[PDB]
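Okay, coords.cif now, which holds mmCIF, C-alpha atoms and all ligand atoms:
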```cif
data_structure
#
loop_
_atom_site.group_PDB
_atom_site.id
_atom_site.type_symbol
_atom_site.label_atom_id
_atom_site.label_comp_id
_atom_site.auth_asym_id
_atom_site.auth_seq_id
_atom_site.Cartn_x
_atom_site.Cartn_y
_atom_site.Cartn_z
ATOM 1 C CA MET A 395 -12.148 -1.018 19.272
ATOM 2 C CA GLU A 396 -15.701 0.396 18.981
ATOM 3 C CA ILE A 397 -15.951 4.200 18.640
ATOM 4 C CA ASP A 398 -19.220 5.961 19.516
ATOM 5 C CA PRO A 399 -20.273 8.206 16.552
ATOM 6 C CA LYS A 400 -21.149 10.897 19.209
ATOM 7 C CA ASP A 401 -17.328 11.129 19.741
ATOM 8 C CA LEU A 402 -16.755 11.971 16.028
ATOM 9 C CA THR A 403 -17.060 15.038 13.875
ATOM 10 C CA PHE A 404 -17.488 14.453 10.149
ATOM 11 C CA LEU A 405 -16.028 17.215 7.980
ATOM 12 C CA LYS A 406 -14.515 17.720 4.443
ATOM 13 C CA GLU A 407 -14.264 14.813 1.995
ATOM 14 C CA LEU A 408 -10.722 13.572 1.406
ATOM 15 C CA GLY A 409 -11.646 11.430 -1.588
ATOM 16 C CA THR A 410 -12.743 7.937 -2.581
ATOM 17 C CA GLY A 411 -11.393 4.600 -1.337
ATOM 18 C CA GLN A 412 -12.208 0.972 -2.248
ATOM 19 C CA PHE A 413 -15.270 0.784 0.070
ATOM 20 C CA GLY A 414 -16.471 4.343 -0.566
ATOM 21 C CA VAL A 415 -15.945 7.948 0.526
ATOM 22 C CA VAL A 416 -13.154 8.937 2.997
ATOM 23 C CA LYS A 417 -13.736 12.023 5.127
ATOM 24 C CA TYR A 418 -11.521 14.147 7.416
ATOM 25 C CA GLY A 419 -12.812 14.599 10.984
ATOM 26 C CA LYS A 420 -12.105 14.987 14.718
ATOM 27 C CA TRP A 421 -12.247 12.251 17.416
ATOM 28 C CA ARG A 422 -13.083 13.138 21.097
ATOM 29 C CA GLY A 423 -12.907 16.824 20.055
ATOM 30 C CA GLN A 424 -9.066 16.633 19.901
ATOM 31 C CA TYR A 425 -7.613 14.253 17.268
ATOM 32 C CA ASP A 426 -7.475 14.509 13.489
ATOM 33 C CA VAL A 427 -8.842 11.327 11.844
ATOM 34 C CA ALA A 428 -9.615 9.796 8.478
ATOM 35 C CA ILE A 429 -13.149 8.316 8.596
ATOM 36 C CA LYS A 430 -13.594 5.671 5.918
ATOM 37 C CA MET A 431 -17.262 5.052 4.992
ATOM 38 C CA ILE A 432 -17.923 1.409 4.018
ATOM 39 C CA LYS A 433 -20.918 1.492 1.561
ATOM 40 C CA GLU A 434 -23.492 -1.145 2.559
ATOM 41 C CA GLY A 435 -22.892 -4.202 0.322
ATOM 42 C CA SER A 436 -19.194 -3.502 -0.597
ATOM 43 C CA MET A 437 -17.546 -5.524 2.236
ATOM 44 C CA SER A 438 -18.032 -8.884 4.016
ATOM 45 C CA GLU A 439 -18.515 -7.007 7.348
ATOM 46 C CA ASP A 440 -18.766 -9.968 9.806
ATOM 47 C CA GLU A 441 -15.368 -11.312 8.629
ATOM 48 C CA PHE A 442 -13.796 -7.766 8.745
ATOM 49 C CA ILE A 443 -15.133 -6.996 12.276
ATOM 50 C CA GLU A 444 -13.326 -10.160 13.623
ATOM 51 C CA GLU A 445 -9.982 -9.340 11.916
ATOM 52 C CA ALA A 446 -10.343 -5.649 13.073
ATOM 53 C CA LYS A 447 -9.363 -6.930 16.629
ATOM 54 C CA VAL A 448 -5.975 -8.246 15.288
ATOM 55 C CA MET A 449 -5.445 -5.103 13.125
ATOM 56 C CA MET A 450 -6.066 -2.851 16.203
ATOM 57 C CA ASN A 451 -2.849 -4.483 17.612
ATOM 58 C CA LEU A 452 -0.782 -3.737 14.450
ATOM 59 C CA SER A 453 1.174 -0.671 15.559
ATOM 60 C CA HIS A 454 4.229 0.812 13.849
ATOM 61 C CA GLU A 455 5.338 4.345 12.972
ATOM 62 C CA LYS A 456 5.427 3.539 9.215
ATOM 63 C CA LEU A 457 1.922 1.913 9.263
ATOM 64 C CA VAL A 458 -1.248 4.091 9.027
ATOM 65 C CA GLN A 459 -2.756 3.504 12.515
ATOM 66 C CA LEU A 460 -6.223 1.951 12.911
ATOM 67 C CA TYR A 461 -7.931 3.865 15.771
ATOM 68 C CA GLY A 462 -11.265 2.026 15.733
ATOM 69 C CA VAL A 463 -14.566 1.176 14.017
ATOM 70 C CA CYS A 464 -18.260 2.288 14.122
ATOM 71 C CA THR A 465 -20.376 -0.847 13.588
ATOM 72 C CA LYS A 466 -23.592 -0.272 15.686
ATOM 73 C CA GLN A 467 -25.128 1.448 12.601
ATOM 74 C CA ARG A 468 -24.893 1.040 8.810
ATOM 75 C CA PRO A 469 -22.979 2.222 6.788
ATOM 76 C CA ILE A 470 -20.094 1.198 9.068
ATOM 77 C CA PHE A 471 -16.920 3.352 9.504
ATOM 78 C CA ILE A 472 -13.120 2.629 9.805
ATOM 79 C CA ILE A 473 -11.351 5.393 11.860
ATOM 80 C CA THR A 474 -7.665 5.907 11.104
ATOM 81 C CA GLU A 475 -4.594 8.127 11.532
ATOM 82 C CA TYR A 476 -4.895 11.320 9.414
ATOM 83 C CA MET A 477 -2.216 11.703 6.659
ATOM 84 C CA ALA A 478 -2.204 15.441 5.687
ATOM 85 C CA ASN A 479 -0.326 15.011 2.319
ATOM 86 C CA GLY A 480 -2.642 12.200 1.150
ATOM 87 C CA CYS A 481 -1.998 9.543 -1.494
ATOM 88 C CA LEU A 482 1.729 8.680 -2.277
ATOM 89 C CA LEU A 483 1.015 8.295 -6.055
ATOM 90 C CA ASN A 484 -0.409 11.840 -6.376
ATOM 91 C CA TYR A 485 2.446 13.140 -4.148
ATOM 92 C CA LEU A 486 5.100 11.622 -6.510
ATOM 93 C CA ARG A 487 3.324 13.140 -9.556
ATOM 94 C CA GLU A 488 3.067 16.676 -8.044
ATOM 95 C CA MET A 489 5.339 18.828 -10.282
ATOM 96 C CA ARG A 490 5.587 21.471 -7.418
ATOM 97 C CA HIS A 491 7.986 18.949 -5.685
ATOM 98 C CA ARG A 492 11.660 18.299 -6.698
ATOM 99 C CA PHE A 493 12.684 14.923 -5.308
ATOM 100 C CA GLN A 494 16.343 14.148 -4.717
ATOM 101 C CA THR A 495 17.450 10.548 -5.370
ATOM 102 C CA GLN A 496 18.123 10.401 -1.536
ATOM 103 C CA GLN A 497 14.484 11.311 -0.715
ATOM 104 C CA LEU A 498 13.257 8.575 -3.112
ATOM 105 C CA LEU A 499 15.373 5.938 -1.265
ATOM 106 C CA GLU A 500 14.080 7.285 2.120
ATOM 107 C CA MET A 501 10.445 6.715 0.854
ATOM 108 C CA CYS A 502 11.387 3.070 -0.016
ATOM 109 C CA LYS A 503 12.988 2.704 3.471
ATOM 110 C CA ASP A 504 9.724 3.993 5.077
ATOM 111 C CA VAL A 505 7.507 1.437 3.233
ATOM 112 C CA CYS A 506 10.082 -1.346 3.812
ATOM 113 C CA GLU A 507 10.139 -0.759 7.611
ATOM 114 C CA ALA A 508 6.277 -1.032 7.774
ATOM 115 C CA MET A 509 6.343 -4.121 5.513
ATOM 116 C CA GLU A 510 9.050 -5.801 7.642
ATOM 117 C CA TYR A 511 6.816 -5.101 10.673
ATOM 118 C CA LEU A 512 3.765 -6.746 8.908
ATOM 119 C CA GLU A 513 5.922 -9.725 7.803
ATOM 120 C CA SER A 514 7.169 -10.091 11.458
ATOM 121 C CA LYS A 515 3.486 -10.453 12.559
ATOM 122 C CA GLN A 516 2.669 -12.843 9.627
ATOM 123 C CA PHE A 517 0.212 -10.236 8.284
ATOM 124 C CA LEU A 518 -0.105 -9.863 4.491
ATOM 125 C CA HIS A 519 -0.980 -6.533 2.854
ATOM 126 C CA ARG A 520 -2.262 -8.258 -0.394
ATOM 127 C CA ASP A 521 -2.583 -4.864 -2.209
ATOM 128 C CA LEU A 522 0.721 -2.933 -1.741
ATOM 129 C CA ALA A 523 1.038 -0.018 -4.289
ATOM 130 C CA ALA A 524 1.805 3.788 -4.182
ATOM 131 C CA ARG A 525 -1.993 4.436 -4.475
ATOM 132 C CA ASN A 526 -2.324 2.444 -1.114
ATOM 133 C CA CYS A 527 0.403 4.479 0.664
ATOM 134 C CA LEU A 528 -0.111 7.809 2.352
ATOM 135 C CA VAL A 529 2.118 10.790 3.240
ATOM 136 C CA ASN A 530 1.910 12.815 6.500
ATOM 137 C CA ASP A 531 2.625 16.572 7.102
ATOM 138 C CA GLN A 532 6.359 15.655 7.655
ATOM 139 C CA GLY A 533 6.718 13.911 4.246
ATOM 140 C CA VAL A 534 6.927 10.454 5.906
ATOM 141 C CA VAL A 535 5.368 7.655 3.786
ATOM 142 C CA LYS A 536 3.150 5.080 5.627
ATOM 143 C CA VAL A 537 1.465 1.904 4.350
ATOM 144 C CA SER A 538 -2.375 1.900 4.369
ATOM 145 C CA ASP A 539 -5.322 -0.559 3.775
ATOM 146 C CA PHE A 540 -3.221 -3.610 4.777
ATOM 147 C CA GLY A 541 -5.265 -6.840 4.558
ATOM 148 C CA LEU A 542 -8.494 -5.125 3.445
ATOM 149 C CA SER A 543 -8.669 -6.535 -0.118
ATOM 150 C CA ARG A 544 -9.732 -9.925 1.505
ATOM 151 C CA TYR A 545 -13.150 -8.442 2.464
ATOM 152 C CA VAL A 546 -13.977 -6.823 -0.958
ATOM 153 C CA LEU A 547 -17.282 -8.254 -2.396
ATOM 154 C CA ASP A 548 -16.842 -6.998 -5.997
ATOM 155 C CA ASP A 549 -15.497 -9.957 -8.111
ATOM 156 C CA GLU A 550 -13.855 -7.509 -10.577
ATOM 157 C CA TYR A 551 -11.359 -6.598 -7.780
ATOM 158 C CA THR A 552 -11.153 -10.102 -6.243
ATOM 159 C CA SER A 553 -10.639 -12.440 -9.284
ATOM 160 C CA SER A 554 -7.101 -12.502 -10.876
ATOM 161 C CA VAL A 555 -8.901 -12.040 -14.310
ATOM 162 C CA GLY A 556 -11.066 -9.065 -13.166
ATOM 163 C CA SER A 557 -10.750 -5.572 -14.736
ATOM 164 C CA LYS A 558 -10.006 -4.058 -11.287
ATOM 165 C CA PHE A 559 -7.552 -6.757 -9.941
ATOM 166 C CA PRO A 560 -3.984 -5.381 -9.229
ATOM 167 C CA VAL A 561 -2.218 -7.435 -11.988
ATOM 168 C CA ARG A 562 0.669 -4.920 -12.447
ATOM 169 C CA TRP A 563 1.728 -5.459 -8.745
ATOM 170 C CA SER A 564 1.208 -9.276 -8.785
ATOM 171 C CA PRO A 565 3.746 -12.157 -9.044
ATOM 172 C CA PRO A 566 3.100 -15.117 -11.500
ATOM 173 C CA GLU A 567 1.905 -17.498 -8.685
ATOM 174 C CA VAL A 568 -0.774 -14.881 -7.729
ATOM 175 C CA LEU A 569 -1.863 -14.293 -11.386
ATOM 176 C CA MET A 570 -2.024 -18.028 -12.121
ATOM 177 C CA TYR A 571 -3.003 -19.633 -8.767
ATOM 178 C CA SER A 572 -4.074 -16.874 -6.259
ATOM 179 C CA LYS A 573 -1.068 -17.987 -4.107
ATOM 180 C CA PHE A 574 -0.624 -15.106 -1.619
ATOM 181 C CA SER A 575 2.377 -15.084 0.765
ATOM 182 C CA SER A 576 4.918 -12.593 2.211
ATOM 183 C CA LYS A 577 6.771 -13.258 -1.115
ATOM 184 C CA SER A 578 3.791 -11.859 -3.138
ATOM 185 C CA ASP A 579 4.007 -8.615 -0.989
ATOM 186 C CA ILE A 580 7.820 -8.625 -1.746
ATOM 187 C CA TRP A 581 6.992 -8.586 -5.531
ATOM 188 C CA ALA A 582 4.477 -5.686 -4.993
ATOM 189 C CA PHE A 583 7.164 -3.769 -2.979
ATOM 190 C CA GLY A 584 9.596 -4.019 -5.945
ATOM 191 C CA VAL A 585 6.882 -2.597 -8.293
ATOM 192 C CA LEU A 586 6.238 0.126 -5.627
ATOM 193 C CA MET A 587 10.025 0.998 -5.642
ATOM 194 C CA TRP A 588 9.791 1.353 -9.504
ATOM 195 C CA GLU A 589 6.726 3.658 -8.986
ATOM 196 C CA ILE A 590 8.817 5.838 -6.625
ATOM 197 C CA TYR A 591 11.938 5.955 -8.906
ATOM 198 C CA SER A 592 9.846 6.554 -12.095
ATOM 199 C CA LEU A 593 7.991 9.396 -10.194
ATOM 200 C CA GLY A 594 4.543 7.828 -10.356
ATOM 201 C CA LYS A 595 4.488 6.275 -13.870
ATOM 202 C CA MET A 596 1.921 3.510 -14.377
ATOM 203 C CA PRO A 597 3.790 0.126 -14.483
ATOM 204 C CA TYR A 598 3.761 -1.606 -17.933
ATOM 205 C CA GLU A 599 2.278 1.536 -19.605
ATOM 206 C CA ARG A 600 0.725 0.551 -23.039
ATOM 207 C CA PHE A 601 0.149 -3.020 -21.842
ATOM 208 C CA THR A 602 -3.260 -4.286 -20.742
ATOM 209 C CA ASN A 603 -3.581 -6.538 -17.629
ATOM 210 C CA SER A 604 -3.680 -9.575 -19.933
ATOM 211 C CA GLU A 605 -0.508 -8.426 -21.794
ATOM 212 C CA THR A 606 1.278 -7.568 -18.490
ATOM 213 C CA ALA A 607 0.503 -11.109 -17.151
ATOM 214 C CA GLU A 608 1.934 -12.412 -20.482
ATOM 215 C CA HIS A 609 5.046 -10.115 -20.281
ATOM 216 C CA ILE A 610 5.789 -11.527 -16.766
ATOM 217 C CA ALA A 611 5.356 -15.190 -17.999
ATOM 218 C CA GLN A 612 7.941 -14.473 -20.775
ATOM 219 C CA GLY A 613 10.307 -13.625 -17.835
ATOM 220 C CA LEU A 614 10.210 -9.905 -18.642
ATOM 221 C CA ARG A 615 10.210 -7.118 -16.068
ATOM 222 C CA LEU A 616 10.045 -3.357 -15.485
ATOM 223 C CA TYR A 617 12.984 -1.388 -16.976
ATOM 224 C CA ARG A 618 15.485 0.464 -14.764
ATOM 225 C CA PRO A 619 14.144 4.026 -14.054
ATOM 226 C CA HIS A 620 16.991 6.517 -14.885
ATOM 227 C CA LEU A 621 16.854 8.025 -11.272
ATOM 228 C CA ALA A 622 17.684 4.496 -9.978
ATOM 229 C CA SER A 623 21.371 3.506 -9.783
ATOM 230 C CA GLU A 624 22.571 -0.066 -10.609
ATOM 231 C CA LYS A 625 22.492 -0.915 -6.843
ATOM 232 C CA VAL A 626 18.913 0.485 -6.421
ATOM 233 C CA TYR A 627 17.801 -1.523 -9.499
ATOM 234 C CA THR A 628 19.349 -4.780 -8.125
ATOM 235 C CA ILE A 629 17.203 -4.261 -4.946
ATOM 236 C CA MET A 630 13.827 -3.762 -6.799
ATOM 237 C CA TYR A 631 14.693 -6.459 -9.380
ATOM 238 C CA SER A 632 15.459 -9.013 -6.583
ATOM 239 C CA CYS A 633 11.737 -8.711 -5.640
ATOM 240 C CA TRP A 634 10.739 -10.007 -9.096
ATOM 241 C CA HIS A 635 12.323 -13.520 -9.135
ATOM 242 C CA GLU A 636 10.243 -16.218 -10.937
ATOM 243 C CA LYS A 637 10.785 -18.490 -7.855
ATOM 244 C CA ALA A 638 8.981 -16.949 -4.814
ATOM 245 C CA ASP A 639 11.652 -18.748 -2.639
ATOM 246 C CA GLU A 640 14.601 -16.905 -4.302
ATOM 247 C CA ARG A 641 13.031 -13.458 -3.499
ATOM 248 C CA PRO A 642 14.368 -11.662 -0.372
ATOM 249 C CA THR A 643 12.567 -11.010 2.963
ATOM 250 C CA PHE A 644 11.710 -7.429 4.100
ATOM 251 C CA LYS A 645 14.593 -7.729 6.658
ATOM 252 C CA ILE A 646 17.084 -8.460 3.787
ATOM 253 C CA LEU A 647 15.518 -5.581 1.762
ATOM 254 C CA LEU A 648 15.808 -3.050 4.651
ATOM 255 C CA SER A 649 19.484 -4.008 5.261
ATOM 256 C CA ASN A 650 20.197 -3.682 1.473
ATOM 257 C CA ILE A 651 18.450 -0.248 1.331
ATOM 258 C CA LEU A 652 20.377 0.939 4.477
ATOM 259 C CA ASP A 653 23.643 -0.264 2.842
ATOM 260 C CA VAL A 654 23.024 1.708 -0.383
ATOM 261 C CA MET A 655 22.116 4.949 1.512
ATOM 262 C CA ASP A 656 25.442 4.579 3.466
ATOM 263 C CA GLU A 657 27.259 4.316 0.048
HETATM 264 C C1 LIG A 701 -7.302 16.501 -6.754
HETATM 265 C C2 LIG A 701 -6.036 16.472 -5.884
HETATM 266 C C3 LIG A 701 -5.968 17.785 -5.095
HETATM 267 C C4 LIG A 701 -4.828 16.424 -6.831
HETATM 268 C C5 LIG A 701 -6.041 15.273 -4.924
HETATM 269 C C6 LIG A 701 -4.857 14.631 -4.568
HETATM 270 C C7 LIG A 701 -4.856 13.536 -3.719
HETATM 271 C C8 LIG A 701 -6.049 13.043 -3.194
HETATM 272 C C9 LIG A 701 -5.975 11.890 -2.243
HETATM 273 O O1 LIG A 701 -5.019 11.785 -1.475
HETATM 274 N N1 LIG A 701 -6.986 10.996 -2.276
HETATM 275 C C10 LIG A 701 -7.071 9.856 -1.357
HETATM 276 C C11 LIG A 701 -7.064 8.535 -2.118
HETATM 277 C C12 LIG A 701 -7.125 7.339 -1.161
HETATM 278 C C13 LIG A 701 -8.272 7.485 -0.173
HETATM 279 N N2 LIG A 701 -8.233 8.782 0.515
HETATM 280 C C14 LIG A 701 -7.585 8.915 1.734
HETATM 281 C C15 LIG A 701 -7.530 7.856 2.653
HETATM 282 C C16 LIG A 701 -6.929 8.098 3.878
HETATM 283 C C17 LIG A 701 -6.383 9.349 4.178
HETATM 284 C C18 LIG A 701 -5.836 9.568 5.558
HETATM 285 N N3 LIG A 701 -5.513 8.491 6.291
HETATM 286 O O2 LIG A 701 -5.728 10.717 5.992
HETATM 287 C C19 LIG A 701 -6.451 10.361 3.176
HETATM 288 N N4 LIG A 701 -5.912 11.603 3.407
HETATM 289 C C20 LIG A 701 -5.840 12.796 2.647
HETATM 290 C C21 LIG A 701 -6.369 12.912 1.363
HETATM 291 C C22 LIG A 701 -6.274 14.109 0.673
HETATM 292 C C23 LIG A 701 -5.644 15.213 1.244
HETATM 293 C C24 LIG A 701 -5.645 16.556 0.578
HETATM 294 O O3 LIG A 701 -6.449 17.395 0.943
HETATM 295 N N5 LIG A 701 -4.800 16.780 -0.454
HETATM 296 C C25 LIG A 701 -3.805 15.817 -0.961
HETATM 297 C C26 LIG A 701 -2.496 16.512 -1.250
HETATM 298 O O4 LIG A 701 -2.673 17.637 -2.107
HETATM 299 C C27 LIG A 701 -3.516 18.594 -1.477
HETATM 300 C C28 LIG A 701 -4.891 18.028 -1.228
HETATM 301 C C29 LIG A 701 -5.105 15.086 2.519
HETATM 302 C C30 LIG A 701 -5.210 13.895 3.218
HETATM 303 N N6 LIG A 701 -7.048 10.119 1.997
HETATM 304 C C31 LIG A 701 -8.285 9.898 -0.438
HETATM 305 C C32 LIG A 701 -7.240 13.685 -3.543
HETATM 306 C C33 LIG A 701 -7.229 14.784 -4.387
#
```

What is this structure when it is put down as structure tokens?
Amino acid sequence: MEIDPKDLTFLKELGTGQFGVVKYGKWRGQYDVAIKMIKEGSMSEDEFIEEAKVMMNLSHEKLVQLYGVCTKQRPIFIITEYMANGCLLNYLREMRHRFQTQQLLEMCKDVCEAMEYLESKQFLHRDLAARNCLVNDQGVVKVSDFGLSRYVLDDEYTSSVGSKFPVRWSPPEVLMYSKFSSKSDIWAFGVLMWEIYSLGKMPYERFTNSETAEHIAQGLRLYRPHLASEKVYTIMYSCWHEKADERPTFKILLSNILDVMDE
């Protein structure tokens, strides 16, 4: 689990994450890596370092792989699989690309496979969104930063009334009671499907977090994106049931997605 910093090469900056700057680098002089710098004071480190053991064992082709951590010195580092096309949200918005309705469904299938894997290991993401998904050189979408929101120290991210909390990806039981389950990740996956089919639009555009939370309470939802067929809309809409219990599992979702790409 522990990586010696002598076995790393720190290079170009990739951008900014929740805990600070993310850099590109090389591990053991051979492998491409993403080195996530955790700014001192941004994370509850002792709690993360224990869960990092469990996360090391989370291994799936549609999950961004955790390679290790550097914790003998501060600021600490999280070493991960390098995703050459970066952020899914920016990738959807890139006008250079012309996505076919088939490629959009394939992106949903990618995320769904990783999410079914996490569900199968009783591991919650807690912050599933296109901005928290990454794309590799092959155009394969993988889920990233699974279970990290738990260790964030900033209350603006952590409280369901904070200016940085992911309200637009949250079910009513999360907004009202902080009740996180596999069914709250299901809701977030439906919003993520809308993000893919709308080509990176911000959900509930012209609504504030308080108004979005109020729109949801009124039983209202995201409109059908025109690239989504009736069958694709039934899938993302099923994720948004008022009753967490009536929402599908990621196994039911994958089977439904596979059925519509056969059709
Ligand atoms: C300004 C432009 C060029 C539009 C831009 C577009 C996207 C972004 C971006 O992906 N930022 C994110 C946000 C989340 C945390 N960050 C992370 C976290 C983990 C990884 C990883 N596991 O490898 C990663 N990888 C890349 C991040 C950027 C690139 C890159 O050079 N590109 C992106 C595509 O167009 C060309 C330029 C490649 C890999 N980034 C940085 C940064 C800048």

Pick from A:414, A:469, A:480, A:423, whichever lies nearest to ligand LIG 701 (chain A) using all atoms listed in the file: A:480

For each of A:486, A:580, A:522, A:472, take the minimum atom-to-atom distance to residue A:395, counting all atoms listed in the file, then give the residue where this is smallest. A:472

What does the PyMOL selection byres (((chain A and resi 638-640) around 10) and not hetatm) select in this file, as a list in words?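 This file, filtered by the PyMOL selection byres (((chain A and resi 638-640) around 10) and not hetatm), leaves residues 565, 566, 567, 575, 576, 577, 578, 580, 581, 632, 633, 634, 635, 636, 637, 641, 642 and 643 of chain A.
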
Best match for closeness to residue A:508 among A:594, A:585, A:612, A:453, counting only C-alpha atoms: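 Smallest separation from residue A:508 among the options: A:453.
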
Between A:449, A:561, A:483, A:534, which residue has the minimum interatomic distance to residue A:507, considering all atoms listed in the file?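 Ranked by minimum distance to residue A:507, first place goes to A:534.
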
Can you tell me, as a ChimeraX atom specification, what residues are no more than 12 Å from residue A:608 when counting all atoms listed in the file, ignoring any on the same chain fewer than 5 positions away? /A:561-562,565-566,569-570,598,601-603,613-615

Selection within 9 Å of ligand LIG 701 (chain A) by all atoms listed in the file, output as an NGL selection string: :A and (406-412 or 414-418 or 426-430 or 458-459 or 473-485 or 488 or 525-530 or 538-539)

Nearest-residue call for residue A:573, choices A:465, A:649, A:543, A:554, using all atoms listed in the file: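 The answer is A:554, which sits nearest to residue A:573.
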
Take the PyMOL selection byres (((chain A and resi 652) around 12) and not hetatm), apply it to the structure above, and return the hits as a VMD selection string. chain A and resid 496 499 to 500 502 to 504 506 to 507 625 to 626 629 645 to 651 653 to 657

Minimum-distance residue to residue A:397, chosen among A:558, A:422, A:618, A:600 (using only C-alpha atoms):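 Of all the options, A:422 lies closest to residue A:397.
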